[PDB]
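What follows is one chain in C-alpha cells, specifically the form deposited in one PDB entry.
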C-alpha cells in the first residue's frame, strides 16, 4: 500500500474506531435515557410497557397459537409447550390476496379468521378440549393500555386499510373468529421483540434481554413496576410495586439529540438524506441497512479527493443505497489477500475495476464499519444490564445482522469484553453473552398468550386500572 493510501487507511481508522472508554461513556448516557423514557416527562426512548408482568417458569404446558401479519403473508403458528423449557411447533404461511393491503377492515379480519379456521381444522379435525389462546404479533405502529388490546396508530408498509386507524384491532379480529365459530380467544397483542425476550426466557432461564439486530433494531427486557414513574397512579392493586414488567424499549431513537454517538460527516449525510432527518439516530448508527451506504459515501469522498478509482466510470456508485449490506458482508468474507470476491463484486455490480491496494482499503473499510456497528449495538446491551444490575446474562439475539453478518458474534463478544475489561479467555465463558434467540413473533406470542391467560383466568389485571 503506498504512503498515500496508508495515510487514508489511518484516516478511516480514526473515523470509525470506537474505544472501550467511548463505549463506556455511551452506556452511561444510554442508562440515563432508559430512565428518562420511563419517567412521567418521557424522553426520546419510548420505553413501552409490554404488559407481561410475570416470568415464564419453563413448567408451562399446553397448546397456544400465534398470528403474525406480514406485508406479504400471514403466519399462523401452533406451539405445544412441553413443561421443561421445551416446545414443539408447526406453522402455515398464507399469502395475502393482492387487494387486501388497500381493502377494508372487514376484508382483512374475515381473511385472517378464514385462515385460522383452515389451520385449526387441519390440526384439530375433531375439535379442541378448550379454546386455544392466541397471541398476535402486530408489527404496525400501535399502542395499548392492556395486553389484550392494540389501537392502530397508523398503517405502514404500503397498507391503507380503511376503518382501522384509531381503533382496537383485537375485538375486530375476535368478532370474525366468533362469526366462524373457531375455538380461539385473542388474549395478547405484542411487539416481536417482547416475544423474543419471553420465548427465549422460557427455553433459557438465564435470558435477561431480547435484542433484534437487523434492518431494524430493538431491545426488550424486564424492569420492575416501582422503577416506572410514568405508571404511578395508573396501576390496579394486583400489579404491585415489586411486579416485573416487560419493556419494549424501541431504542432506535436513542440520542436523537446527538450528544454521544460518534457520528461522522458520512452519518450526517445519511441522516440528512433519510426520510426522517433527526430521527432514529441509534438505528442509523447500528442497523445493517446503512452499512453499505456508509461505505459508498466514504468511497465517493476518496474518489473526489483524487485517491481512488482514478480511471474508472463511477456512475453506478452515485446511486444512493446501491450498496446494501451484502457488500460489507461479502467483502469481509473474501478469503485471500488479493480480495478476488471484492474484485468481482465491484466489476460485476458497479462496473468498477480496482487495484489490490484499493481492495485492501475497501476491506479495511468494511471491517471498520461492521465492527463499529457491533460495538455501538452492545452499548444498548450493557446499558440494560448495568441499569438492572445483571452481572451475568444471556442476551437472546435475532435479526439478519446477528445471524448472517460475518464475524458479528466475535465482534460483539469482543466489544462486551472491552467494555467490562473481563479477565476471561473463552467467548463461551463471558459473563454477559449473546446467544441465538427463540422465535419472537411466533413462539414468543404464543408463550405470552399462555402467561396472559394465567392472569386473565384468575381475574388478575394485565393493564391500566379501569381499562
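Positions refer to the first chain, counted from 1. We call the rigid core whatever largest set of C-alpha positions still superposes within 1.5 Å between the two forms.
Same protein, other form: the form deposited in another entry, not shown, and the subject of what follows.
For the residues 352, 339, 164, 228, superposed on the rigid core between the shown form and the other one, a C-alpha shift of 2 angstroms or more shows up only at 164.
With the core held fixed between the shown form and the other one, residue 389 has its Cα displaced by under 2 Å.
With the core held fixed, the Cα of residue 364 is displaced between the shown form and the other one by less than 2 Å.
Core-superposed comparison between the shown form and the other one: CA of residue 173 displaced by 2 Å or more.
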